[PDB]
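Okay, run_18.txt now, which holds compact mmCIF, N, CA and C atoms:
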# COMPACT_ATOMS: atom_id res chain seq x y z
N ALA A 1 93.69 108.84 85.01
CA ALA A 1 94.73 107.77 84.96
C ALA A 1 94.17 106.45 85.49
N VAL A 2 93.39 106.52 86.56
CA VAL A 2 92.80 105.33 87.15
C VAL A 2 91.33 105.56 87.49
N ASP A 3 90.45 105.12 86.61
CA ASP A 3 89.01 105.27 86.81
C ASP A 3 88.44 104.07 87.55
N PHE A 4 88.50 104.11 88.88
CA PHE A 4 87.98 103.03 89.70
C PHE A 4 87.52 103.55 91.06
N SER A 5 88.35 104.37 91.69
CA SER A 5 88.03 104.93 92.99
C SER A 5 87.93 106.45 92.92
N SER A 6 87.24 107.04 93.88
CA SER A 6 87.07 108.49 93.92
C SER A 6 86.45 108.93 95.25
N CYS A 7 87.29 109.08 96.27
CA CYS A 7 86.82 109.49 97.59
C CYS A 7 85.83 108.48 98.15
N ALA A 8 86.22 107.21 98.13
CA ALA A 8 85.37 106.14 98.64
C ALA A 8 85.77 105.74 100.06
N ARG A 9 86.29 106.71 100.81
CA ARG A 9 86.71 106.46 102.18
C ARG A 9 85.59 106.80 103.16
N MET A 10 84.80 107.80 102.82
CA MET A 10 83.69 108.22 103.67
C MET A 10 84.20 108.69 105.03
N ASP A 11 85.41 109.25 105.05
CA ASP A 11 86.00 109.74 106.29
C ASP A 11 85.73 111.23 106.47
N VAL A 12 85.64 111.95 105.36
CA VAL A 12 85.38 113.39 105.40
C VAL A 12 83.95 113.67 105.86
N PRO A 13 83.70 114.90 106.34
CA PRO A 13 82.37 115.31 106.82
C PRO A 13 81.27 114.96 105.83
N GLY A 14 81.58 115.07 104.54
CA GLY A 14 80.60 114.77 103.51
C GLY A 14 80.59 115.79 102.39
N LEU A 15 81.21 116.94 102.63
CA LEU A 15 81.27 118.00 101.63
C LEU A 15 82.23 117.64 100.50
N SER A 16 83.13 116.70 100.77
CA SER A 16 84.11 116.27 99.78
C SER A 16 83.43 115.83 98.49
N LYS A 17 82.17 115.39 98.60
CA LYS A 17 81.42 114.94 97.44
C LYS A 17 81.07 116.11 96.53
N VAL A 18 80.63 117.21 97.13
CA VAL A 18 80.27 118.40 96.37
C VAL A 18 81.51 119.19 95.96
N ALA A 19 82.54 119.12 96.80
CA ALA A 19 83.79 119.82 96.53
C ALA A 19 84.51 119.21 95.33
N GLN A 20 84.28 117.92 95.10
CA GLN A 20 84.89 117.23 93.98
C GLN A 20 83.97 117.30 92.78
N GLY A 21 82.68 117.46 93.06
CA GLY A 21 81.72 117.56 91.99
C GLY A 21 81.93 118.82 91.18
N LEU A 22 82.35 119.86 91.86
CA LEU A 22 82.62 121.15 91.23
C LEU A 22 84.04 121.17 90.67
N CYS A 23 84.98 120.63 91.44
CA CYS A 23 86.38 120.59 91.01
C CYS A 23 86.52 119.77 89.73
N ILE A 24 85.70 118.73 89.61
CA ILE A 24 85.73 117.86 88.44
C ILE A 24 85.03 118.51 87.25
N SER A 25 83.84 119.07 87.48
CA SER A 25 83.09 119.71 86.42
C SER A 25 83.83 120.93 85.88
N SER A 26 84.31 121.78 86.79
CA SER A 26 85.03 122.98 86.41
C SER A 26 86.29 122.65 85.61
N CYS A 27 87.08 121.72 86.12
CA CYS A 27 88.32 121.32 85.45
C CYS A 27 88.03 120.49 84.20
N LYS A 28 86.82 119.95 84.11
CA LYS A 28 86.43 119.14 82.96
C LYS A 28 85.99 120.02 81.79
N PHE A 29 85.57 121.24 82.10
CA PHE A 29 85.11 122.18 81.08
C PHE A 29 86.13 122.31 79.95
N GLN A 30 87.41 122.16 80.29
CA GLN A 30 88.47 122.26 79.30
C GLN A 30 88.59 120.98 78.47
N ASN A 31 87.97 119.90 78.95
CA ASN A 31 88.01 118.62 78.25
C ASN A 31 89.42 118.04 78.24
N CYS A 32 90.20 118.38 79.27
CA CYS A 32 91.57 117.89 79.38
C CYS A 32 92.04 117.91 80.83
N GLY A 33 91.09 117.84 81.77
CA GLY A 33 91.44 117.85 83.18
C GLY A 33 90.34 117.31 84.07
N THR A 34 90.57 116.13 84.64
CA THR A 34 89.58 115.52 85.53
C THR A 34 89.93 115.81 86.98
N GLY A 35 88.95 116.28 87.74
CA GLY A 35 89.17 116.59 89.14
C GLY A 35 89.15 115.36 90.03
N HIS A 36 90.22 115.17 90.79
CA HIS A 36 90.33 114.02 91.68
C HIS A 36 90.76 114.47 93.08
N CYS A 37 90.08 113.96 94.10
CA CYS A 37 90.40 114.31 95.48
C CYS A 37 91.59 113.49 95.98
N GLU A 38 92.78 114.06 95.83
CA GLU A 38 94.00 113.38 96.27
C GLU A 38 94.31 113.73 97.73
N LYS A 39 93.78 112.92 98.64
CA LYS A 39 94.00 113.14 100.07
C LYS A 39 94.67 111.93 100.71
N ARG A 40 95.50 112.18 101.72
CA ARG A 40 96.20 111.10 102.42
C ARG A 40 96.13 111.30 103.93
N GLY A 41 96.99 112.17 104.45
CA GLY A 41 97.01 112.43 105.88
C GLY A 41 96.08 113.56 106.28
N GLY A 42 95.07 113.82 105.45
CA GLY A 42 94.13 114.89 105.75
C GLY A 42 94.36 116.12 104.88
N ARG A 43 94.97 115.91 103.71
CA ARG A 43 95.25 117.01 102.79
C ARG A 43 94.49 116.82 101.48
N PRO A 44 93.25 117.31 101.40
CA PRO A 44 92.42 117.20 100.19
C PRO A 44 92.93 118.08 99.06
N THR A 45 93.49 117.45 98.03
CA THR A 45 94.01 118.18 96.88
C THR A 45 93.11 118.01 95.67
N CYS A 46 93.05 119.04 94.83
CA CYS A 46 92.21 119.00 93.63
C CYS A 46 93.08 118.92 92.37
N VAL A 47 93.42 117.70 91.97
CA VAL A 47 94.23 117.49 90.78
C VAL A 47 93.36 117.44 89.53
N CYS A 48 93.77 118.16 88.49
CA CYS A 48 93.01 118.20 87.24
C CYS A 48 93.87 117.75 86.07
N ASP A 49 93.53 116.59 85.51
CA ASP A 49 94.26 116.04 84.38
C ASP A 49 93.41 115.01 83.63
N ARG A 50 93.07 115.31 82.38
CA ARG A 50 92.25 114.41 81.58
C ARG A 50 92.40 114.72 80.09
N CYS A 51 93.61 115.08 79.68
CA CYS A 51 93.87 115.40 78.29
C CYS A 51 94.39 114.18 77.53
N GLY A 52 93.80 113.92 76.37
CA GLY A 52 94.21 112.78 75.57
C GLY A 52 93.20 111.66 75.60
N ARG A 53 92.64 111.34 74.44
CA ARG A 53 91.64 110.27 74.34
C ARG A 53 92.16 109.12 73.48
Full structure transcribed into structure tokens:
Amino acid sequence: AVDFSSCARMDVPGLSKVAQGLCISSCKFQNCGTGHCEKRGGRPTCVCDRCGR
């Protein structure tokens, strides 16, 4: 929906990069789901949505 930011806070230990790398690739395999780290108060969520070109 918004291709500009993606865990650019650098607040997490650092694994968030690999955790999203897999969440994105895995959910991308379907070609209709992009993995995004939706975190706010410390709740890292793995949302997958990328259907429709």
Response to the item:
Correct to one decimal, the distance atom C of residue 47 in chain A-atom N of residue 24 in chain A is 7.8 Å
Discussion item. Which of chain A end up as alpha helix (DSSP H) when DSSP is run on this backbone - answer as a ChimeraX atom specification?
Written reply: /A:16-28
Fill in: Atom pair atom N of residue 29 in chain A / CA of residue 41 in chain A: separation (Å)
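That distance, rounded to one decimal, is 27.8 Å.
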What box, with edges along x, y and z, holds each listed atom of range 48-51 of chain A when 6 Å is added on every side, and can you state its centre and edge lengths in Å to one decimal, as lines of an AutoDock Vina configuration file?
center_x = 93.3
center_y = 116.2
center_z = 83.0
size_x = 14.1
size_y = 16.0
size_z = 23.0
Item to complete: In the coordinates of the file, take the point (95.8, 114.5, 85.3) and a cut-off of 6.5 Å; then, counting all atoms listed in the file, name each qualifying protein, DNA or RNA residue as a ChimeraX atom specification.
Response: /A:1,33-34,47-51
Worksheet entry | Nearest to residue 5 in chain A by atom-to-atom distance, counting all atoms listed in the file, from A:37, A:53, A:31, A:23 |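 Once distances to residue 5 in chain A are computed over all atoms listed in the file, the minimum belongs to A:37.
Closest to residue 38 in chain A among A:7, A:12, A:52, A:26 is A:7, based on all atoms listed in the file.
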Fill in: Between atom N of residue 40 in chain A and atom C of residue 28 in chain A, distance in Å (one decimal)
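Taking atom N of residue 40 in chain A and atom C of residue 28 in chain A, their separation equals 23.4 Å.
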Item to complete: Write out as a list in words which residues come within 8 Å of residue 6 in chain A when counting all atoms listed in the file, dropping same-chain ones fewer than 4 positions away.
Response: residues 2, 10, 36 and 37 of chain A
Item to complete: Step one, run DSSP on the backbone; step two, keep only residues of range 2-52 of chain A assigned to strand (DSSP E); then write them as a PyMOL selection string.
Response: chain A and resi 35-38+45-48
